[PDB]
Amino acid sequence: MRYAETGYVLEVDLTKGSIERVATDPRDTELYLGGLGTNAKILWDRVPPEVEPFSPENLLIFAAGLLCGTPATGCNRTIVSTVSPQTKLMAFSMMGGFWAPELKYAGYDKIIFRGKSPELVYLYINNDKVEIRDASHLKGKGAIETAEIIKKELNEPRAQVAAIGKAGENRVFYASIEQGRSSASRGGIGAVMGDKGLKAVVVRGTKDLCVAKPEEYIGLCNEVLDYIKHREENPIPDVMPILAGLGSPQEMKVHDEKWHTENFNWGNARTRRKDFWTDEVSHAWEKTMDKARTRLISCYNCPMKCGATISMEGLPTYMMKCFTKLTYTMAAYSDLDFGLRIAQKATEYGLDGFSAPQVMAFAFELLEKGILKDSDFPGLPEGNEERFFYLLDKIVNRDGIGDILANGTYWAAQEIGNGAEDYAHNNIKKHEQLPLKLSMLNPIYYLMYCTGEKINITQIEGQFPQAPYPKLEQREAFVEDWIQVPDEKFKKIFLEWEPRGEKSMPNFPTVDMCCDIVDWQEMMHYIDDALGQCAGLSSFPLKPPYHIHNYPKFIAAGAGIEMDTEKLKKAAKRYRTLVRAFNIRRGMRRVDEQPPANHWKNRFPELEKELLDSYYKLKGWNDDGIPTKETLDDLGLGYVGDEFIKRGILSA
């Protein structure tokens, strides 16, 4: 008997219209857990480097985490994997809400899509019943609009729907996949979906989902719920509110936007406004938000209610969470009202809220400098806010200049020329970064920007404090009950760490300390993305209810396989280097692992070199960022090593 996982996947060939259920190999679960882990295995030996993102041989995988569909609080994430049309590397993207559990209740762990459909279609899953439906009447509809129409047609009010908007249909490189209050946002997975002629994936499930050790599993859940209560009564002392509690960044709730609006960079990740947050601005935004926020709502089986339904006057309701609230506003140097209105359009279109506003702010910088002319923008309105609405429509339609801008800042600059490449100053591996330009080099964040396979900084940080406490008493109090740490040495590091003086950044924590910290933080994320656990209750916040010590208990009692702290650490390492191996085979080298040139104002070449050098060694990779034969064999990735030698990626 299989437990926690269903043991089955759906293989769908959109070219032939064939649908097949296939049993999975339980050994793969022991090696790569599930979710992102088992996705990586599938992509590795079925998507060779000669495969292009927009070719039929590219795969689009929808995966439910191993423990999705179990009573585990907040365990509900879908993991979408493919090859990115923007970065040309692997792209995994996480989506919360209610979709992944429904898939489990339907009886499947994954859906793997290959080939292309000549006509716009959608997939309809209802337990054992699976079929491909025509979706031509849905052409151009928004992603939310599409879900409602479909559920009426099928007469399935409790069906879960993941859809693309027009942007996906037109293969915009930063097109997303939307589901109610959830989004697979980054990497262009929406573009691959549209390229395959897939408008939506509809699922209804009503089967039972079993766990191996019933009494022990529910006990661990109660333990988590109790910790969540305690944590909400005891937030992290002396720290700004948005860092003090559990969940995704609680941007939809209260807090004064002083740090955010005065540290983030406005426009094309350009301007820093030191004294922006005035009393007039604070009340104006507070008033806009009180009027627009309808309700704080949760993902499946979670009490944290990070998301919020947003209702602007004369517009359809949509759902927003986290930093999407700020990005459109800041990119356009405008107010919160404008941001909430344009993000509504962008959500229905299905656009990544990180890349899209930077692309538009990028375009207007070129128009300002003269690299782009007014000839390129026919019918350009005069008002600033109106211009963003104008450009947004050009992009999702790939109309004129929109066709170039739809490729993202990197490829757009490369096509535009005339020194437009200088203005694409916020990319790593051709992927737009969070609009943050700090002053002093952060050794911990330097490593994360460089090596993170998600290529997004907010999805690799978490477990270690971003900043040190001034007083020692504050540090002593914090580490006292810091049970989540793998080793007692992490406490001692944070005790020594100081904001100013000899024990401050970039020289402290030491190179070796920084390598251990980044390794821990990254590990927790990869475990979450395999198990389907929301990072809001695990890898992202300080002192989470899920950690390296109780996680193996969940896996063992849930899935019914042997698991301990050490075996879990190794498992996490196994598919994390497998993902690394996939990107290596697609041409990634040490050269691509650099942050933007202007990312810090204080750089230290010799220190940065030693950081990356030491990190590679800790990871078990060589000096070019490639996993060595030795460490591959040790992880059970011998077949990886052989192919590297055969491809001349490693010397025999």
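Note that residue numbering follows the sequence shown and begins at 1.
Mean CA temperature factor is higher for 393-401 when stretches 393-401 and 244-252 are set side by side in the entry. Across the two stretches, 101-109 and 273-281, the PDB entry reports the greater mean Cα temperature factor for 273-281. The top Cα temperature factor in the record, among 204, 229, 133, 369, falls on 369. Based on the entry's C-alpha B-factors, the most elevated value among 157, 558, 499, 552 belongs to 499. For residue 26, the recorded CA temperature factor ranks within the lowest third of the chain's modelled residues. Ranked by Cα temperature factor within the chain, residue 62 sits in the lowest third according to the deposited record. Looking at the C-alpha B-factors along this chain, the one for residue 609 belongs to the highest third.
Split the chain's modelled residues into thirds by C-alpha temperature factor. Residue 374 is in the highest one. Among the modelled residues of its chain, residue 35 has a C-alpha B-factor that falls in the lowest third according to the deposited record.
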